[PDB]
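**Student:** Sending over protein-v4.json (JSON, C-alpha atoms and all ligand atoms).
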[["chain", "number", "residue", "atom", "x", "y", "z"],
["A", 349, "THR", "CA", 75.41, 104.06, 109.42],
["A", 350, "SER", "CA", 77.45, 105.56, 112.30],
["A", 351, "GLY", "CA", 81.15, 106.14, 112.95],
["A", 352, "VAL", "CA", 83.97, 107.46, 110.82],
["A", 353, "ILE", "CA", 85.89, 105.59, 108.09],
["A", 354, "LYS", "CA", 89.62, 106.49, 107.97],
["A", 355, "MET", "CA", 92.93, 105.89, 106.13],
["A", 356, "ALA", "CA", 96.38, 107.57, 106.19],
["A", 357, "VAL", "CA", 96.50, 109.20, 102.73],
["A", 358, "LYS", "CA", 97.72, 112.37, 100.95],
["A", 359, "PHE", "CA", 96.81, 113.81, 97.52],
["A", 360, "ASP", "CA", 99.77, 113.58, 95.07],
["A", 361, "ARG", "CA", 98.86, 116.03, 92.24],
["A", 362, "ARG", "CA", 101.37, 114.64, 89.71],
["A", 363, "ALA", "CA", 99.69, 111.18, 89.90],
["A", 364, "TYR", "CA", 96.47, 112.53, 88.29],
["A", 365, "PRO", "CA", 95.69, 114.62, 85.18],
["A", 366, "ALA", "CA", 95.67, 118.31, 86.07],
["A", 367, "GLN", "CA", 92.01, 118.61, 85.09],
["A", 368, "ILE", "CA", 90.48, 115.46, 86.69],
["A", 369, "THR", "CA", 90.72, 115.26, 90.51],
["A", 370, "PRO", "CA", 89.27, 113.02, 93.27],
["A", 371, "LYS", "CA", 86.76, 115.74, 94.35],
["A", 372, "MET", "CA", 85.43, 115.83, 90.77],
["A", 373, "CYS", "CA", 85.28, 112.01, 90.42],
["A", 374, "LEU", "CA", 83.31, 111.91, 93.69],
["A", 375, "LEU", "CA", 80.87, 114.55, 92.43],
["A", 376, "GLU", "CA", 80.27, 112.52, 89.22],
["A", 377, "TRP", "CA", 79.50, 109.31, 91.17],
["A", 378, "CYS", "CA", 76.88, 111.21, 93.21],
["A", 379, "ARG", "CA", 75.29, 112.59, 89.99],
["A", 380, "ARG", "CA", 75.14, 109.18, 88.30],
["A", 381, "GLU", "CA", 73.48, 107.49, 91.30],
["A", 382, "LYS", "CA", 71.24, 110.47, 92.20],
["A", 383, "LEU", "CA", 72.60, 111.05, 95.74],
["A", 384, "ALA", "CA", 72.90, 114.28, 97.69],
["A", 385, "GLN", "CA", 76.16, 115.94, 96.85],
["A", 386, "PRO", "CA", 79.16, 115.88, 99.23],
["A", 387, "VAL", "CA", 79.53, 118.24, 102.26],
["A", 388, "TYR", "CA", 83.11, 119.04, 103.48],
["A", 389, "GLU", "CA", 84.20, 120.42, 106.90],
["A", 390, "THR", "CA", 87.80, 121.79, 106.97],
["A", 391, "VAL", "CA", 89.92, 123.20, 109.86],
["A", 392, "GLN", "CA", 93.43, 124.69, 110.31],
["A", 393, "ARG", "CA", 95.41, 123.87, 113.57],
["A", 394, "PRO", "CA", 97.67, 126.37, 115.39],
["A", 395, "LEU", "CA", 100.45, 123.85, 116.18],
["A", 396, "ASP", "CA", 101.91, 123.92, 112.64],
["A", 397, "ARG", "CA", 99.31, 125.70, 110.41],
["A", 398, "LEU", "CA", 98.35, 122.44, 108.62],
["A", 399, "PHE", "CA", 94.79, 121.51, 107.48],
["A", 400, "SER", "CA", 92.49, 118.44, 107.91],
["A", 401, "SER", "CA", 89.04, 117.67, 106.44],
["A", 402, "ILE", "CA", 85.99, 115.36, 106.82],
["A", 403, "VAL", "CA", 83.46, 114.63, 104.01],
["A", 404, "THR", "CA", 79.84, 113.38, 104.38],
["A", 405, "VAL", "CA", 78.30, 111.32, 101.54],
["A", 406, "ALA", "CA", 74.99, 109.46, 101.80],
["A", 407, "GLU", "CA", 74.92, 109.85, 105.63],
["A", 408, "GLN", "CA", 78.44, 108.24, 106.06],
["A", 409, "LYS", "CA", 81.56, 110.24, 107.12],
["A", 410, "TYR", "CA", 85.15, 109.77, 105.80],
["A", 411, "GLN", "CA", 88.49, 111.27, 106.89],
["A", 412, "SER", "CA", 92.25, 111.04, 106.36],
["A", 413, "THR", "CA", 94.49, 110.81, 109.43],
["A", 414, "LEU", "CA", 97.32, 112.91, 107.91],
["A", 415, "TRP", "CA", 97.41, 116.76, 107.80],
["A", 416, "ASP", "CA", 98.45, 118.86, 104.76],
["A", 417, "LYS", "CA", 99.56, 122.27, 103.54],
["A", 418, "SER", "CA", 96.24, 123.71, 102.22],
["A", 419, "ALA", "CA", 92.47, 123.39, 102.51],
["A", 420, "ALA", "CA", 92.21, 122.14, 98.91],
["A", 421, "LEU", "CA", 94.81, 119.40, 99.58],
["A", 422, "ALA", "CA", 93.03, 118.21, 102.74],
["A", 423, "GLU", "CA", 89.66, 118.08, 100.98],
["A", 424, "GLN", "CA", 91.11, 116.00, 98.10],
["A", 425, "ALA", "CA", 92.51, 113.48, 100.62],
["A", 426, "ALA", "CA", 89.03, 113.12, 102.21],
["A", 427, "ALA", "CA", 87.57, 112.37, 98.78],
["A", 428, "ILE", "CA", 90.25, 109.67, 98.24],
["A", 429, "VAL", "CA", 89.29, 107.91, 101.49],
["A", 430, "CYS", "CA", 85.63, 107.83, 100.39],
["A", 431, "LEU", "CA", 86.41, 106.35, 96.96],
["A", 432, "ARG", "CA", 89.31, 104.01, 97.83],
["A", 433, "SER", "CA", 87.62, 102.54, 100.92],
["A", 434, "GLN", "CA", 84.75, 101.55, 98.54],
["A", 435, "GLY", "CA", 86.91, 100.28, 95.65],
["A", 436, "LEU", "CA", 85.68, 103.07, 93.30],
["A", 437, "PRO", "CA", 88.05, 104.54, 90.67],
["A", 438, "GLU", "CA", 89.61, 107.88, 91.61],
["A", 439, "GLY", "CA", 91.28, 109.12, 88.40],
["A", 440, "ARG", "CA", 94.91, 107.91, 88.76],
["A", 441, "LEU", "CA", 97.06, 107.57, 85.61],
["B", 1, "CL", "CL", 82.52, 119.05, 95.70],
["B", 2, "CL", "CL", 97.44, 123.97, 96.91]]
Rewrite the coordinates I just gave you, this time as structure tokens.

**Tutor:**
Amino acid sequence: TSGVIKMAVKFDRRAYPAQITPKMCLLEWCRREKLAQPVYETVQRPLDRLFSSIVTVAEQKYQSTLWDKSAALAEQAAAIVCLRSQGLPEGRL
């Protein structure tokens, strides 16, 4: 159950309904299957002030390799890696 699963992704807000995001889809999958809910860890780097995040779900870790303009945006990209690497739907129009 070790290691980190990764992809190069960014969250594109106009590709989803304003009120249904990847973080919320991931939370609903955890409720349905009675798993512990997700834990995020987010950091900002001094080189260029961008953010990156890692999410832990069911003892497995997931991360995007790109950096983005806010904590919220980084956290949404982490959620996408978790869902898309597993073939789960993520809310796209
Ligand atoms: Cl959450
Ligand atoms: Cl934002």

**Student:** Would you work out the distance separating atom CA of residue 408 of chain A from atom CA of residue 353 of chain A, expressed in Å to one decimal?

**Tutor:** 8.2 Å

**Student:** Select the residues contacting ligand CL 1 (chain B) at a distance of at most 8 Å, based on all atoms listed in the file, then format the selection as JSON, numbers by chain.

**Tutor:** {"A": [371, 372, 374, 375, 385, 386, 387, 388]}

**Student:** Could you list, as a list in words, all residues that come within 8 Å of ligand CL 2 (chain B)? Count only C-alpha atoms and all ligand atoms.

**Tutor:**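 Listed by chain and ascending number, the contacts are residues 417, 418, 419, 420 and 421 of chain A.
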
**Student:** Show which residues sit within 12 Å of residue 351 of chain A, as a VMD selection string. Count all atoms listed in the file, and ignore same-chain residues fewer than 5 positions away.

**Tutor:** chain A and resid 404 407 to 411

**Student:** Closest to residue 432 of chain A among A:416, A:356, A:376, A:361, using all atoms listed in the file?

**Tutor:**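 Among A:416, A:356, A:376, A:361, it is A:356 that comes nearest to residue 432 of chain A.
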
**Student:** Could you check which of A:381, A:359, A:354, A:349 is closest to residue 430 of chain A, using all atoms listed in the file?

**Tutor:**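 Among the listed residues, the smallest separation from residue 430 of chain A belongs to A:354.
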
**Student:** Work out how far atom CA of residue 403 of chain A is from atom CA of residue 383 of chain A, in Å to one decimal.

**Tutor:**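 Interatomic distance here is 14.1 Å.
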
**Student:** From the list A:398, A:384, A:360, A:390, which residue is nearest residue 414 of chain A when using all atoms listed in the file?

**Tutor:**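 Of A:398, A:384, A:360, A:390, the one nearest residue 414 of chain A is A:398, counting all atoms listed in the file.
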
**Student:** Kindly give the distance, in Å, that separates atom CA of residue 422 of chain A and atom CA of residue 400 of chain A, rounded to a single decimal.

**Tutor:**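 Taking atom CA of residue 422 of chain A and atom CA of residue 400 of chain A, their separation equals 5.2 Å.
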
**Student:** Residues at most 10 Å from residue 428 of chain A, counting all atoms listed in the file, excluding those fewer than 6 positions away in the same chain, as a tab-separated table (two decimals) with C-alpha atoms, in the coordinates of the input?

**Tutor:**
chain	number	residue	atom	x	y	z
A	355	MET	CA	92.93	105.89	106.13
A	357	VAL	CA	96.50	109.20	102.73
A	358	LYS	CA	97.72	112.37	100.95
A	359	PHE	CA	96.81	113.81	97.52
A	369	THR	CA	90.72	115.26	90.51
A	370	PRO	CA	89.27	113.02	93.27
A	371	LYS	CA	86.76	115.74	94.35
A	373	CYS	CA	85.28	112.01	90.42
A	374	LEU	CA	83.31	111.91	93.69
A	410	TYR	CA	85.15	109.77	105.80
A	411	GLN	CA	88.49	111.27	106.89
A	412	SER	CA	92.25	111.04	106.36
A	434	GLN	CA	84.75	101.55	98.54
A	436	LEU	CA	85.68	103.07	93.30
A	437	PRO	CA	88.05	104.54	90.67
A	438	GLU	CA	89.61	107.88	91.61
A	439	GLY	CA	91.28	109.12	88.40

**Student:** Which residue, A:378, A:391, A:431, A:425, has the smallest gap to residue 406 of chain A when you use only C-alpha atoms?

**Tutor:**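 Closest to residue 406 of chain A, using only C-alpha atoms: A:378.
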
**Student:** Which residue gives the smallest distance to residue 363 of chain A among A:395, A:441, A:405, A:427, with all atoms listed in the file counted?

**Tutor:**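 Checking each of A:395, A:441, A:405, A:427 against residue 363 of chain A, counting all atoms listed in the file, the winner is A:441.
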
**Student:** Working from the structure I just supplied, which lacks atoms in segment 405-422 of chain A, can you model N, CA, C and O atoms there and output them as a PDB file, in the coordinates of the input?

**Tutor:**
ATOM      1  N   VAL A 405      78.911 111.809 102.774  1.00  0.00           N
ATOM      2  CA  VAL A 405      78.300 111.320 101.540  1.00  0.00           C
ATOM      3  C   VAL A 405      77.279 110.237 101.911  1.00  0.00           C
ATOM      4  O   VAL A 405      77.639 109.193 102.478  1.00  0.00           O
ATOM      5  N   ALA A 406      76.024 110.472 101.573  1.00  0.00           N
ATOM      6  CA  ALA A 406      74.990 109.460 101.800  1.00  0.00           C
ATOM      7  C   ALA A 406      74.916 109.054 103.269  1.00  0.00           C
ATOM      8  O   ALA A 406      74.846 107.866 103.586  1.00  0.00           O
ATOM      9  N   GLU A 407      74.975 110.039 104.179  1.00  0.00           N
ATOM     10  CA  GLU A 407      74.920 109.850 105.630  1.00  0.00           C
ATOM     11  C   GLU A 407      76.163 109.195 106.280  1.00  0.00           C
ATOM     12  O   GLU A 407      76.163 109.017 107.502  1.00  0.00           O
ATOM     13  N   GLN A 408      77.195 108.812 105.519  1.00  0.00           N
ATOM     14  CA  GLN A 408      78.440 108.240 106.060  1.00  0.00           C
ATOM     15  C   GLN A 408      79.554 109.293 106.016  1.00  0.00           C
ATOM     16  O   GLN A 408      79.650 110.051 105.051  1.00  0.00           O
ATOM     17  N   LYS A 409      80.422 109.305 107.035  1.00  0.00           N
ATOM     18  CA  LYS A 409      81.560 110.240 107.120  1.00  0.00           C
ATOM     19  C   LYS A 409      82.890 109.540 106.820  1.00  0.00           C
ATOM     20  O   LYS A 409      83.078 108.383 107.209  1.00  0.00           O
ATOM     21  N   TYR A 410      83.832 110.281 106.186  1.00  0.00           N
ATOM     22  CA  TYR A 410      85.150 109.770 105.800  1.00  0.00           C
ATOM     23  C   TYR A 410      86.222 110.824 106.081  1.00  0.00           C
ATOM     24  O   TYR A 410      86.004 112.025 105.869  1.00  0.00           O
ATOM     25  N   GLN A 411      87.421 110.367 106.497  1.00  0.00           N
ATOM     26  CA  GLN A 411      88.490 111.270 106.890  1.00  0.00           C
ATOM     27  C   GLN A 411      89.873 110.641 106.723  1.00  0.00           C
ATOM     28  O   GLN A 411      90.071 109.457 107.040  1.00  0.00           O
ATOM     29  N   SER A 412      90.837 111.441 106.264  1.00  0.00           N
ATOM     30  CA  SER A 412      92.250 111.040 106.360  1.00  0.00           C
ATOM     31  C   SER A 412      92.838 111.392 107.722  1.00  0.00           C
ATOM     32  O   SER A 412      92.498 112.410 108.323  1.00  0.00           O
ATOM     33  N   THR A 413      93.799 110.570 108.165  1.00  0.00           N
ATOM     34  CA  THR A 413      94.490 110.810 109.430  1.00  0.00           C
ATOM     35  C   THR A 413      95.751 111.667 109.314  1.00  0.00           C
ATOM     36  O   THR A 413      96.348 111.998 110.342  1.00  0.00           O
ATOM     37  N   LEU A 414      96.186 112.019 108.115  1.00  0.00           N
ATOM     38  CA  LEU A 414      97.320 112.910 107.910  1.00  0.00           C
ATOM     39  C   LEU A 414      96.833 114.367 107.709  1.00  0.00           C
ATOM     40  O   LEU A 414      95.674 114.614 107.362  1.00  0.00           O
ATOM     41  N   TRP A 415      97.712 115.339 107.982  1.00  0.00           N
ATOM     42  CA  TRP A 415      97.410 116.760 107.800  1.00  0.00           C
ATOM     43  C   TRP A 415      98.244 117.330 106.644  1.00  0.00           C
ATOM     44  O   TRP A 415      99.348 116.845 106.391  1.00  0.00           O
ATOM     45  N   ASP A 416      97.753 118.385 105.955  1.00  0.00           N
ATOM     46  CA  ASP A 416      98.450 118.860 104.760  1.00  0.00           C
ATOM     47  C   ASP A 416      98.420 120.393 104.630  1.00  0.00           C
ATOM     48  O   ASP A 416      97.824 121.126 105.435  1.00  0.00           O
ATOM     49  N   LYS A 417      99.124 120.873 103.605  1.00  0.00           N
ATOM     50  CA  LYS A 417      99.560 122.270 103.540  1.00  0.00           C
ATOM     51  C   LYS A 417      98.462 123.258 103.145  1.00  0.00           C
ATOM     52  O   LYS A 417      98.687 124.471 103.294  1.00  0.00           O
ATOM     53  N   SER A 418      97.320 122.800 102.610  1.00  0.00           N
ATOM     54  CA  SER A 418      96.240 123.710 102.220  1.00  0.00           C
ATOM     55  C   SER A 418      94.871 123.053 102.385  1.00  0.00           C
ATOM     56  O   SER A 418      94.745 121.822 102.451  1.00  0.00           O
ATOM     57  N   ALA A 419      93.837 123.902 102.416  1.00  0.00           N
ATOM     58  CA  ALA A 419      92.470 123.390 102.510  1.00  0.00           C
ATOM     59  C   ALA A 419      92.146 122.489 101.333  1.00  0.00           C
ATOM     60  O   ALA A 419      91.651 121.373 101.515  1.00  0.00           O
ATOM     61  N   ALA A 420      92.442 122.955 100.114  1.00  0.00           N
ATOM     62  CA  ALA A 420      92.210 122.140  98.910  1.00  0.00           C
ATOM     63  C   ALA A 420      92.861 120.762  99.028  1.00  0.00           C
ATOM     64  O   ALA A 420      92.250 119.759  98.663  1.00  0.00           O
ATOM     65  N   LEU A 421      94.114 120.688  99.500  1.00  0.00           N
ATOM     66  CA  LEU A 421      94.810 119.400  99.580  1.00  0.00           C
ATOM     67  C   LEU A 421      94.147 118.458 100.584  1.00  0.00           C
ATOM     68  O   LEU A 421      94.034 117.243 100.351  1.00  0.00           O
ATOM     69  N   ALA A 422      93.693 119.012 101.709  1.00  0.00           N
ATOM     70  CA  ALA A 422      93.030 118.210 102.740  1.00  0.00           C
ATOM     71  C   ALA A 422      91.718 117.644 102.215  1.00  0.00           C
ATOM     72  O   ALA A 422      91.399 116.464 102.437  1.00  0.00           O
TER      73      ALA A 422
END
